[PDB]
Structures are given as structure tokens and as C-alpha cells.
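Q: Residue numbers (full-length UniProt numbering), protein chains in the order written: chain G, 201 to 236; chain V, 157 to 312; chain A, 1 to 440; chain D, 1 to 440; chain L, 33 to 53, 61 to 146.
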Amino acid sequence: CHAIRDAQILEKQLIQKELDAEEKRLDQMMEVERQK
Amino acid sequence: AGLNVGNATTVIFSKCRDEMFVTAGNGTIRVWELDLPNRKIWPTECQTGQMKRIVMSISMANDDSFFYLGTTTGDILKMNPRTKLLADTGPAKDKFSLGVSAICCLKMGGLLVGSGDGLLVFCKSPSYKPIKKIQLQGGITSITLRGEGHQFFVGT
Amino acid sequence: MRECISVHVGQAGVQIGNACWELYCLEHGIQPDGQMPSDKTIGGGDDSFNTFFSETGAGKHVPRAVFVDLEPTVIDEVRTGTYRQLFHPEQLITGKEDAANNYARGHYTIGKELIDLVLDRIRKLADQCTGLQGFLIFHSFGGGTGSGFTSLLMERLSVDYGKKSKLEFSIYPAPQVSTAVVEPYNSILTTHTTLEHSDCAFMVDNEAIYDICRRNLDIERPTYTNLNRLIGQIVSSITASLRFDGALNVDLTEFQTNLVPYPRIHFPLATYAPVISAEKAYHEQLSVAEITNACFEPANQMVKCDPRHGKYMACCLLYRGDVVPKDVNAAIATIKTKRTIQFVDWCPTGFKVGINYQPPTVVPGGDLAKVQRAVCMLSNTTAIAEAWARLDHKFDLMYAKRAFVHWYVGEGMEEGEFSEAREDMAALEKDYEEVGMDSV
Amino acid sequence: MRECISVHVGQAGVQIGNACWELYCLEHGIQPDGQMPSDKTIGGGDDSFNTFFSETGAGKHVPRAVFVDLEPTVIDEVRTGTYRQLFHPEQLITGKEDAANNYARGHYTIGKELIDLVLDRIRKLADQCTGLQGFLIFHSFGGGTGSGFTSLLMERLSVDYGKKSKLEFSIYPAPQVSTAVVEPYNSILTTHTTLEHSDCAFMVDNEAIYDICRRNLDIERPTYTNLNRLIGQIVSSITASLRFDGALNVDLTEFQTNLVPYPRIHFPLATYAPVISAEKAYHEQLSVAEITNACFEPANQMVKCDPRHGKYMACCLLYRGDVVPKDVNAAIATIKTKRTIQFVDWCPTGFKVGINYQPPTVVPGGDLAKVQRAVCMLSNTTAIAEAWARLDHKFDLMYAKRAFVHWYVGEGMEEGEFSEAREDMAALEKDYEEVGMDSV
Amino acid sequence: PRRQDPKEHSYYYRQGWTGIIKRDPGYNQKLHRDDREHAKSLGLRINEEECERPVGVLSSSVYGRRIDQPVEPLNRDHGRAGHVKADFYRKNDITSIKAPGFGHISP
Ligand SMILES: Nc1nc2c(ncn2[C@@H]2O[C@H](COP(=O)(O)OP(=O)(O)OP(=O)(O)O)[C@@H](O)[C@H]2O)c(=O)[nH]1
Ligand SMILES: Nc1nc2c(ncn2[C@@H]2O[C@H](COP(=O)(O)OP(=O)(O)OP(=O)(O)O)[C@@H](O)[C@H]2O)c(=O)[nH]1
Ligand SMILES: [Mg+2]
Ligand SMILES: [Mg+2]
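(1) Comparing alpha-carbon positions, which option in A:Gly-57, A:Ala-104, A:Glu-3 and A:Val-288 lies nearest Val-409 of chain A?
(2) So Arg-84 of chain D contacts chain L; which residues on that side make the cut at Cβ distance below 8 Å?
(3) Counting only beta-carbon atoms, is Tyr-282 of chain A nearer than 8 Å to chain D?
(4) Would the beta-carbon of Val-74 of chain D be found less than 7 Å away from any heavy atom of ligand 4?
(5) Strictly under 8 Å for the Cβ-Cβ distance: is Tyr-24 of chain D near chain L by that measure?
(6) So, at 8 Å on beta carbons, what are the nonlocal neighbours of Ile-5 of chain A in its own chain, with the 5 sequence-adjacent residues on each side left out?
(7) Scan the region 131-215 of chain D and note each continuous beta strand (DSSP E) run of 3 residues or more that stays entirely inside, going in chain order.
(8) Could you tell me how far apart the beta carbons of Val-204 of chain A and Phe-255 of chain A are, in whole angstroms, since I believe they sit closer than 8 Å?
(9) Rounded to the nearest angstrom, what separates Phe-309 of chain V and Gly-321 of chain D at their Cα positions?
(10) Do you know how far the Cα of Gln-228 of chain G is from the Cα of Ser-42 of chain L?
(11) Could you check whether the Cβ of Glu-71 of chain D sits closer than 7 Å to any heavy atom belonging to ligand 4?
(12) Would you say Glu-27 of chain D reaches chain G, if we count a Cβ-Cβ gap shorter than 8 Å as a contact?
(13) Taking just the CA atoms, how far does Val-159 of chain D sit from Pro-263 of chain A?
(14) Helix, strand or coil, according to DSSP, for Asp-191 of chain V in the structure here?
(15) Exposed or buried, which one is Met-212 of chain V when buried takes at least 16 other CB atoms within 10 Å?
(16) Looking only at DSSP bridge pairs, what is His-61 of chain A linked to?
(17) Tell me whether residue 57 of chain L is buried or exposed, calling it buried when 16 or more other Cβ atoms sit within 10 Å of its Cβ.
(18) Residues bridged to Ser-6 of chain A by DSSP?
(19) Verify the CB distance criterion: does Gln-208 of chain G have a CB-CB separation below 8 Å to chain L?
(20) Determine, for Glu-220 of chain A, whether the minimum Cβ-Cβ distance to residues of chain D falls below 8 Å.
(21) Quick one: is the Cβ of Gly-144 of chain D within less than 7 Å of any heavy atom of ligand 4?
(22) Just verifying my parser: in three-state terms, what is the DSSP assignment at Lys-326 of chain D?
(23) Alpha carbons only, please: which of V:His-306, V:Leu-268 and V:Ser-283 is nearest the one belonging to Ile-290 of chain V?
(24) To the nearest angstrom, how far is it from the Cα of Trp-407 of chain D to the Cα of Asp-424 of chain A?
(25) My parser needs the alpha helix (DSSP H) runs of 4 or more residues fully inside the region 308-388 of chain A; what are they?
(26) Using a threshold of 8 Å, state whether the C-beta atoms of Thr-300 of chain V and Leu-225 of chain V are closer than that.
(27) Checking the sheet assignment: what are the DSSP bridge partners for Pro-286 of chain V?
(28) Out of A:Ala-331, A:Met-36 and A:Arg-390, state which residue places its alpha-carbon closest to the alpha-carbon of residue 445 of chain A.
(29) Quick one: give me the first and last residue of the beta strand (DSSP E) that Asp-244 of chain V is part of.
(30) For the alpha helix (DSSP H) containing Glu-434 of chain D, name the first residue and the last one.
(31) Distance cutoff 8 Å, beta carbons only. Does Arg-225 of chain G sit that close to anything in chain L?
(32) So, using beta-carbon positions, are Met-302 of chain D and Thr-271 of chain D closer together than 8 Å?
(33) Residues in its own chain within less than 7 Å of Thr-51 of chain D by CB, not counting five upstream and five downstream?
(34) Expressed to the nearest angstrom, what Euclidean distance is found between the alpha-carbon atoms of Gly-272 of chain V and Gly-255 of chain V?
(35) Using 8 Å as the threshold, is the region 382-390 of chain D in touch with the region 305-318 of chain D, meaning 3 or more CB pairs across them?
(36) In chain A, what lies closer than 8 Å to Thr-130 of chain D by C-beta?
In C-alpha cells form, the structure reads like this:
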């Protein structure tokens, strides 16, 4: 039980990590559109 | 085996590790092919005309040409695994006894064919006619080869 | 030693011929050179090729066919196609001056000038035969060299060859789509040529297969080449017991003593069950229960007829491929329970089966997928009389004010023949509602 | 093991079915290509798929389902999605025009254009089924075809298939939040067919699910995907005993007679107990009592209707995982002795316990932490009558001014049916307040 | 005409089509008409183009992204394997009135 529940956090981390990596670029995107 | 046909009791491999071949006591001559990535096998029933037979022994050539059958009728069936068809039937007349229970294809175009009586026969491909006959006691169940084939040991 | 001769007459018949002979060569292992290589030979001989082909010593198998059409363009395509070294040079009888759509052109002018030539090559082909069991005919029911030209053959084959099963595979004019404006007219004028000088007549429409390859094969916007192959698969299922091996081989006279109830009621239907496409074939089980059920659905009939508007009189189920004979009787028992297939008072059994042991063969570049299990359902129903009646109505309108008659009575005949051909149709209909009445 | 097909109708129903069939194929082992990586020979053949899957021979397992939506956007995304090889193209029936959030063009005008094709395709699945138990129909009460086309299915499946346990998984609209404006109309005009030929109408509103995801599952800003994953685990205990073994195996016909006391009263709730996220899953022990207690609690329910202001009449409690029977019947005993949870006098018995041996499989990327002992409760209480009453107030307000009617009547629907659905709801509300008085 | 600064200048993770820098008469067999070349999304590779992105643009591809990262090895023990239909019913041999024959080694 402790095994893949430990894995489950690491997947939830990876979902939120890349969702943040998604939203950081969209911040960088809407910046560059405004920069022009 | 198919649902229309019966049950299979023999297996053999080939000179490439993807072919696997089964015969039956009910005629399920099927040349399979192995498909590791999808983890499945793919059969192909071999057409032999209207010759439904009962066969109990398999041997193949050393250069993966043709596979050889020994039937209960006393008939050597040679068929192609590359066109899935028959090539040559056995002795026309003077057929064997209680069915051929052991076949061992040599490195040549020949074959040591046994019987249910002990009539070990070395015959060639086109006629399947005896060349040198010696009667063994007991029905021949195993024909091995000592490698090169000069000293073949027959079990009954 | 069970031969059949195919007589492809007219434009469509040769066009069906180029699709059917493509299929026949595959099944029996014949290359377009007419040769069978050693690799695709069952050890020794096979004997399953002589029904449609014939050996000529050197190793050349020639078709047992007669291609005749009164213009060169279609036949010259066969002479200059891939099968130029398959068909014999004399069995491609041509002549010039096409019978531009007119039954009179067939049965008066350009028909008698060529009819002695075609019957000689039929005589030569049927003298090489040992076990000739029928005359397969492929005409068009709309044109001049179709309904018109085959009207000479069947009225001369019947007096010459006498007792032989004359099976017809033809193209009937569709309910709403039609190429020529003379099509309904030239379909009832050939009914004095298919009711008496014939044995059977496999009706096929145009609109039906257009919907078949629209809802099963997903080949919307098709052409004739696709349609003629599916009709070609029908013949290959009917004439399959004569060549291959199986459990119940239904021979051609086996076929007709079980199909044709009354001497004049002989117009059956046709369905091929696995008309599935390629990507949808893997996405199906394709067992015997549903393919037998897929024959009786009113959307897979090869002629635009509702089968639920009539009564199935005689039926026959020619299974092709790996079919165990238990599950057919289970499939028959289901269709005996469903109310929508009402049979008749006078036939308690009403089912013939044929179990072949060869899977269908796919054209290399075709649409029908590798199915290892088929059945061809041929049904004599009372529901084909409305397909008769629909073209009767198209006739009476264009008859009444005499129109497109001067082209037709002009090249040699009498005005009277219209009424007797119409009366023959009316007598053809009168039997069909008569046979489909319950008796007390 | 027996079979059950699942007819998903509506944008909601197929998106619930997107999360359902993702869970379904994971439990058995079918990959998105449609093939199982282990064969039936390897495993001592496990026909657990048969309830929702059907083999074709090449190992191509098949969802026993029919996705239908009359507008082509939410069905083309599953013919282009990752599960595009798994489904069948004929199963994914779609139309051209929208129902446009209108009952009239779901049942009368637009719905008749595809009612033939779906009823043929239900027949294709039903024929190859041998033990077809129930129709698991997924839809939402607050839209178009989910309000429309499903009503035409409910009438047609009862005339065709009769007694075959027409269950119904449904999405009720919420008290306060709503994604439509015309939603009160098409939520009580379709409940005619719900209190007609439908034997167990499972209920979920969207609003309660958001609260579960926030409180228990600890995600703010939830989307519609997490709301559908909860529904998928609801089915997977309802169809767990049909697929996996257990101590007290409970069939789909068992559910009805253990939950419907009277023929009108057939509306259960649904509650999944151990629905917590992984970070607070190391934290709680989660044996058996806290989850038996969990479904019996207000802030774990899946419908915005509190059971405390109402009386229970039937409650089947389905368990999965490592559930030991003594732990149940002690948890049964301790919760039957609580005053706030009231049971009506004509149910002295209490609960229907169902024990299963398969722990719930977690969806990778899903929220729900794995629990080795789970509960899916299907209650039946008088407290659902306030859920019917809140839209009754909302319907009566925007019908007395005759608002948003010219979209309805001008689309093939009579005005009189509106008043008929008005009196029909009064009867059902009068029935629920009637069945819950204590006669003394 | 957007010349599309490379990669990280779109909401779709793509550079875009290079495009065309004669129309052959083709009677092909999959689509309704000739002027709707992408009617049933034949030629549209939207799933494969969504598998190169981290996060897909449609809010329906989230069903089935992490399916190839299994978190749980499936415990395939408590199943419903059919034994009465598979160990009672034989296929076809009629063995009971057949001889033991070739290879009938008994325990
Ligand atoms: N399925 C199918 N139908 C065809 C084909 N060719 C013609 N037809 C149909 O048959 C009908 C009759 O046309 P033809 O085949 O030309 O008949 P015909 O007797 O050869 O006509 P003529 O050559 O002018 O004398 C047409 O209206 C078509 O609908 C074909 O290749 N396949
Ligand atoms: N459970 C669940 N319900 C949903 C979901 N999406 C929408 N709904 C509900 O469904 C209702 C509308 O969806 P549908 O009934 O499917 O609408 P529709 O079938 O597309 O109607 P038309 O576009 O007119 O054909 C909304 O009021 C929501 O409450 C979902 O993803 N899950
Ligand atoms: Mg012509
Ligand atoms: Mg929609």
C-alpha cells in the first residue's frame, strides 16, 4: 500500500510540474504578443 | 486446432524462429508465424486437396525447403511451408503398415521412414519407394541421428 | 468434369466479365498469361479448374467464355488489356455498328448477321466439354445488344441445346436512377425471352449496390468496376460446389429443383453476407449467426425490393468457407421464429444449405476484406413483383402517347408485340400474387 | 458471467462514457488499440470482459456500447482520440443538426432521423449476447438529446426488448448552478419516460460532485473530467459482481427488487465512500467503519439532497476489496442505531450487503487514491423529493408567463404535453410523500 | 502571413505547414465529394500531433494520456474465469468409444 501511493504523489507532482511549465510559457507568450 | 477438424499432437520448428508447425490426428496442417510485438501467432491451414488423413510424425529438411509427414494410411505427405500447399504424396502402391510413426529427414534429399511394424525404410523424395529395407521388432517410435547421420539409432 | 459456360453479351456483361474473370483466375491460380505456375499447384493436379477453364497442352488455361457485343470499344479494351493472353482470340466476337438502345436492333438488323458466328463458338466450347451443366448469361436488360441480342441466343440455345439450365445474371433498371430514356421500355420486351427460354434469372439492380457500398463498404461515389466485382462474387458462390470440396455440395440441378417451385415462377433474389469493408472487418466477429441474419435484412437485398412486402417461398443458403453444419441449423431456427420473414402455406421446410470448404478470395487491390466465412442467400419471394410493376408504370406512361416507337418499329417489327409483351408481364404478375395466397 | 450493453446519449453521456470506458478497459486489461496483451490461453481464461467486451477472434475486444449524439463534435473526438481503434465506427452513431437544448427536436423532429439506425445497432449487440441483463443508459436531464433522444429510446426499447432491466444513469441539474437557461423544461418533460419504462433511475447532480472534489479530494478549480471519474467508479461496483467474484455476489436483477419497494418509486442515489486523495491517504486508516459511516454522511453524498430530512426505505451497500463480513455487520449494527439516520416502519430489515473481492483499480492521472476496501452505496430515500421540488418551483415560475415556448411548440410538439408533464410530477411527488408516512 | 517564430511562438506547439511553394484527376474511394478533402478527418493527424505536446489543447484528450505510465501492477487473481463452460464441454472427438491409441500414457 505504501508503494504506489508514494508513486501517486510523484505523478501528481509531475502533472502539476508540467502544468506550471505550461502556464509559465503562456505568461511568456502573452508578454511577447504585448511586447510587439 | 479448428472447431471443425479435431485435435493436434505434434510440433516442430524450422530454420527461422518465427515458424512453428503442427499436425494432427484429425488433419490440422497449419503453418503458424510468430508476432512478438503484438504477442500473438497467426495460423494458415495448408490445402492438401481432398486428402484428409491422420498423421503422427513430422520432420523437415536441413535447408528449410519442405516438411514431411507420416500418416496412418502409410503415406509420406510432403508439403510446402512457403506456399502452404502439398508437394508429393507417398507410395502409390505397396503402402506402409500400421501408420508411419517416425520420420527423420536427412541432410540429403532422403528420409528414414518407419512403420508400426518395424519396417525402417530409407527412401528418396519423388517415388517414396524403398531402397534398403530391414525389419525391426516392434513399432518404430523414434528415429534419431548421431549428428552427421552415419549411425542412426532407432527406438521401438 | 463439371463445366459451365459463361456467355457475356452486351456492354455490362463484358464489364462484369472483366471483374468475374479477374476473380476466377485468382481462385484456381491462373495468371493473366493463362498459365498456372508450379508453386500454386496442390501436389500433382487439382481438377478444380476445369469448370471455368480448360488446359491446352502446353500449360495454358483458356476461359470457357464467349464475349460478344455489337461494337468494338469494350471488347477492344479486353483485347488490349492485361488479359489479352488469357481470352482466346476467337471467343471475342465483335462486329461493328452498336445497337444504340433498341430491342429491334438486337432482334432484327445487326443481330441476325452475327448470331450464326456466336452459336458456332458456343458449339465448339460445348463440344470440348464432358459435363456441361449450365449456360451462365450476363446481359443488361436495358440496351440493344443486351436484352435484344441475348433474345436471339436463348431462343436459339433452347432449340439447339435443349435441356440445359439457363442461368441469367443481369442488371435490372433501378427504381429512380437510369442511364438511358429507353430502359423501362426494353425490359418488358425481353420477357418473352426470359420467362420461357430460360431456367433462372438472377436479378441485380444498380441503385441497390450503390447503397450496399455506401452503408457497409463505405465507398460512397462508386463506379461500375466496384459493382461488377461484387456481382462477380455472387457467381463464384453459386458455382462453388461444382469445383471445390465441402460438406453439402449444391450442384446446379440440385440448386434449381430446390429453388424453383412452379415452372414460371423462377426469378430469385441475391445477397452476399460479408460485404464488410477492410477496417470494419477486424471490428466484427463475423460468425454464422449474424451473416445469415445479414442476408435477410431489407437493406442488403441486391434488388431494390422490400422483402417484408411479400412472402419468401423458397430459400437456399450457400455457405462458403469454414462453416460447421450445426450453427447453420441454429441460424435457420432463428429465422423460423422471426415473424417478419413469413414464408408460405405450401412449403414447411423452405431452406436449402450448402457448406463449401474454401474461404473467399480477395482481389489484390479490391474492397472486400479477408473474411474466412461467407454465405450467398438466393430467395424466391413474391416481393419481386413490385420491381416488375414499377417498370410497368414507367412503360404505360411513355407507351400511351406513342413515343420512341418510330426508332423501334422502324428497323423492322410490328406494333402489336407491345401489348402481348405487356400482357406477358401482366400474366407474370398474375402468377406471383396467386402463388402467395394461403390456401384452405 | 453475463452481458450488459451501455447506450450513451448526449454530450454528457459520452463524456461520462469516456471516463467509464477508460476505467473499464483498464480493469480487464484491454489497451487503447483494443487488444489484450495476455491471451485467453495464458491466464486460465478470464472471461471477466464479457459483461462489457466481446471477442472477435484476433483478440480485438469490443466495447458493448453505442455512443450517440445528434451533433457531430463530441463523437468525432472519439473517432480521432486515443480510443479510436477500440470502438467500432458503426457503434459511434452521430447526426448533423443539434438538438439545440430543445426537447422537441430530440424526440419529434431531429430524433426520428437516427432512431432507426440505433435500434438496428442495439439489435446487433443483443443478438450476439446470450445473457443480456440490463441497458446501462448514460445521459443528462439538462440538455438536448440527453433529455430528448433518450426518451424515444426508452419507449422503443420497451416495445422491442420488454423486460430487460432498463436501468438509467442520469445527471440531474443542480439547485443553484446551471449551464442552461431552458433546463427546467427538458428536465421534467422527459421524466415521463423515466417513471415509465425504466426500472432504476440513478441520480447525480454536478454541484455535489464539485464539493466532494474540493473537500475530500483537495483540488480547487475542478473540471468536468474529475466529475466523470466518480461516475465510472459508481458503475464499477454495480457491475463488479457481474465481472469479478465475491463473498455475496449480487446480480443486476438483484439490485431492483432489493431497492424498488413500489413500481413508481425507482429513483436511487449513489455515494462512493473512501473517496480521498493520496496526500490525505497516508493519513486515515480506512478500515470498514469510517467508510460505512462515510456514505451515511451529508458531505459525501453525490446529490444535493440531505438524507436527514427524510426517511430511508431501501439501501443496498456494495463493498469491494479486502472487506471481511464481520467488519460489515458490526458497521451495519452501529449505524442502524443512530437517531438522525431514519428508516421507515415498513422496512424493518435495513440493508442489502454485497461483498466483492476485487479492489478498485486506480486510473493513472486520476485523483482517487487507491483504497483496499471501498463502498459504493445506492440509497433510496424520501429526501429526493426536495430535489424534484426545487426545479418544480423553477419550472412553474417560467411557465406561467409562457416563456421559452415558441422554440418548443414550433418544432413538432403539442402544447398539451407541457401540462401533462406538470400533473405527472405532482403525482410522483405525492407518491413519495405518501410512501413515507408511518401508519399507526 | 505569419512566418511563425520557431516552436515556442504558438498555442499549438508547432512551426506550421511549409505549404505549397495542376490537380490530378483522382477517383478515390473514401470521402463524399472532391471539394471537402478533410470531411471525415482523413489526413488530419490530430491525435499524433497531440502526443508530441506535453499538454493537449483539447479538454478531451486528458482521458488516456498517462495510460503508458502504470502506477499499479494489476492484481489478476480474484477474477471470474469460466470453468463450467470450459471443463465440462469437449469440442469434438467422441473419445469414450474410441481406442486409447497412439500415446495414451496414463498416470
Ligand atoms: N453494375 C453495372 N451496371 C452496368 C454496367 N454497364 C452498364 N450497366 C447498366 O446496364 C444498363 C444497360 O446499358 P448497357 O450495358 O450499355 O446495355 P447494352 O445492351 O450494352 O447497350 P448498347 O451497347 O447501347 O446496346 C445501363 O443503363 C447501366 O445501368 C456495369 O459495368 N456494371
Ligand atoms: N456528468 C456530466 N454531466 C455533464 C457533463 N457535461 C455536461 N453535462 C451536463 O449535461 C447537460 C448538457 O449536456 P447534454 O444533455 O449532453 O447536451 P447535448 O446532448 O449536447 O444537447 P444538444 O447539443 O442540443 O444536442 C449540462 O446541463 C450538464 O449538466 C459531463 O462532462 N459530465
Ligand atoms: Mg455497347
Ligand atoms: Mg452536443
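The beta carbon of each residue, even a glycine, is placed where N, CA and C say it ideally should be.
A: The structure says:
(1) For this step, residue 409 of chain A is matched to residue 409 along the third sequence. Checked all of A:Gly-57, A:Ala-104, A:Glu-3 and A:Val-288; the closest Cα to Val-409 of chain A is A:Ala-104.
(2) Sequence index remark: in the fourth sequence, residue 84 of chain D carries index 84 (1-based). What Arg-84 of chain D touches in chain L: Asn-86.
(3) Reading the third sequence from its first residue, position 282 is the one you call residue 282 of chain A. With 8 Å as the cut-off, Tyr-282 of chain A counts as an interface residue toward chain D.
(4) As a first step, residue 74 of chain D must be located in the fourth sequence, where it is residue number 74. Flag set: Cβ of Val-74 of chain D near ligand 4.
(5) Here residue 24 of chain D refers to the residue found at position 24 when the fourth sequence is read from its first residue. False, the Cβ-Cβ gap to chain L never drops below 8 Å.
(6) Numbered from its first residue, the third sequence carries residue 5 of chain A at position 5. Excluding residues within five positions, the ones whose Cβ falls inside 8 Å are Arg-64, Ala-65, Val-66, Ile-122, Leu-125, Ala-126, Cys-129, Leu-132, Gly-134, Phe-135 and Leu-136.
(7) 135-140, 166-172 and 200-205
(8) Working through the third sequence from its first residue, we reach residue 204 of chain A at position 204. Working through the third sequence from its first residue, we reach residue 255 of chain A at position 255. Actually they are not in contact, since the Cβ atoms of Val-204 of chain A and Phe-255 of chain A sit about 17 Å apart, beyond 8 Å.
(9) For the purposes of this step, residue 309 of chain V is identified with residue 153 of the second sequence, where counting begins at 1. For the purposes of this step, residue 321 of chain D is identified with residue 321 of the fourth sequence, where counting begins at 1. Rounded to the nearest angstrom, the two C-alpha atoms are 60 Å apart.
(10) On the fifth sequence, position 10 is the one that residue 42 of chain L refers to. On the first sequence, position 28 is the one that residue 228 of chain G refers to. One C-alpha to the other measures close to 11 Å.
(11) Along the fourth sequence, read from residue 1 onward, the residue named residue 71 of chain D stands at position 71. For ligand 4, at least one heavy atom lies less than 7 Å from the Cβ of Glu-71 of chain D.
(12) Within the fourth sequence, the letter at position 27 stands for residue 27 of chain D. With 8 Å as the cut-off, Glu-27 of chain D does not count as an interface residue toward chain G.
(13) Here residue 263 of chain A refers to the residue found at position 263 of the third sequence. Here residue 159 of chain D refers to the residue found at position 159 of the fourth sequence. Taking the straight line from one Cα to the other gives about 43 Å.
(14) As a working note, residue 191 of chain V is residue 35 in the second sequence. Strand, per DSSP.
(15) Residue numbering aside, residue 212 of chain V sits at position 56 when the second sequence is read from its first letter. The residue in question, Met-212 of chain V, is buried, as its Cβ has 16 or more Cβ neighbours within 10 Å.
(16) Within the third sequence, residue 61 of chain A is the residue found at index 61, counting from 1. Per DSSP, A:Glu-55.
(17) A break in chain L separates 53 from 61, and the residue in question, residue 57 of chain L, sits inside that break with no coordinates.
(18) Your numbering for residue 6 of chain A matches position 6 in the third sequence. DSSP, once it has assigned bridges, lists A:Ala-65 and A:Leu-136 as partnering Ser-6 of chain A.
(19) The count along the first sequence starts at 1 and reaches residue 208 of chain G at position 8. Yes, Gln-208 of chain G counts as interfacial toward chain L.
(20) As a position in the third sequence, residue 220 of chain A is number 220, starting the count at 1. At a cut-off of 8 Å between beta carbons, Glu-220 of chain A makes no contact with chain D.
(21) As a working mapping, residue 144 of chain D is identified with position 144 in the fourth sequence. Correct: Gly-144 of chain D has its Cβ closer than 7 Å to ligand 4.
(22) For this step, residue 326 of chain D is matched to residue 326 along the fourth sequence. Helix at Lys-326 of chain D.
(23) Taking the second sequence and counting its residues from 1, the one referred to as residue 290 of chain V is at position 134. When each option's Cα is compared against that of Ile-290 of chain V, the closest is V:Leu-268.
(24) As a position in the fourth sequence, residue 407 of chain D is number 407, starting the count at 1. As a position in the third sequence, residue 424 of chain A is number 424, starting the count at 1. When rounded, the distance between both Cα atoms is 57 Å.
(25) With a minimum length of 4 residues, the continuous alpha helix (DSSP H) runs that stay inside the region 308-388 of chain A are 325-335.
(26) Here residue 300 of chain V refers to the residue found at position 144 of the second sequence. Here residue 225 of chain V refers to the residue found at position 69 of the second sequence. Their beta carbons are not under 8 Å apart, which means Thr-300 of chain V does not touch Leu-225 of chain V by this criterion.
(27) On the second sequence, position 130 is the one that residue 286 of chain V refers to. Paired residue(s): V:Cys-279.
(28) Nothing can be reported for residue 445 of chain A, as the shown portion of chain A is limited to 1 through 440.
(29) Numbered from 1 along the second sequence, position 88 holds the residue referred to as residue 244 of chain V. Segment 241-244, the beta strand (DSSP E) holding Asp-244 of chain V.
(30) In the fourth sequence, the residue the question calls residue 434 of chain D occupies position 434. Residues 416-435.
(31) Looking up residue 225 of chain G in the first sequence gives position 25. Yes, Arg-225 of chain G lies at the interface with chain L (some Cβ there is under 8 Å from its Cβ).
(32) Reading the fourth sequence from its first residue, position 302 is the one you call residue 302 of chain D. Reading the fourth sequence from its first residue, position 271 is the one you call residue 271 of chain D. Yes, the pair counts as a contact, with Cβ atoms nearer than the cut-off.
(33) Position 51 of the fourth sequence, counting from 1, holds the residue named residue 51 of chain D. Cβ within range, chain order: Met-1, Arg-2, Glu-3, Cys-4, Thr-239, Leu-242 and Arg-243.
(34) Position 116 of the second sequence, counted from the start, is the residue given in the question as residue 272 of chain V. Position 99 of the second sequence, counted from the start, is the residue given in the question as residue 255 of chain V. Using only the alpha carbons, I get a separation of about 6 Å.
(35) yes
(36) Working through the fourth sequence from its first residue, we reach residue 130 of chain D at position 130. Result: empty, since nearest Cβ-Cβ is about 11 Å, beyond 8 Å.
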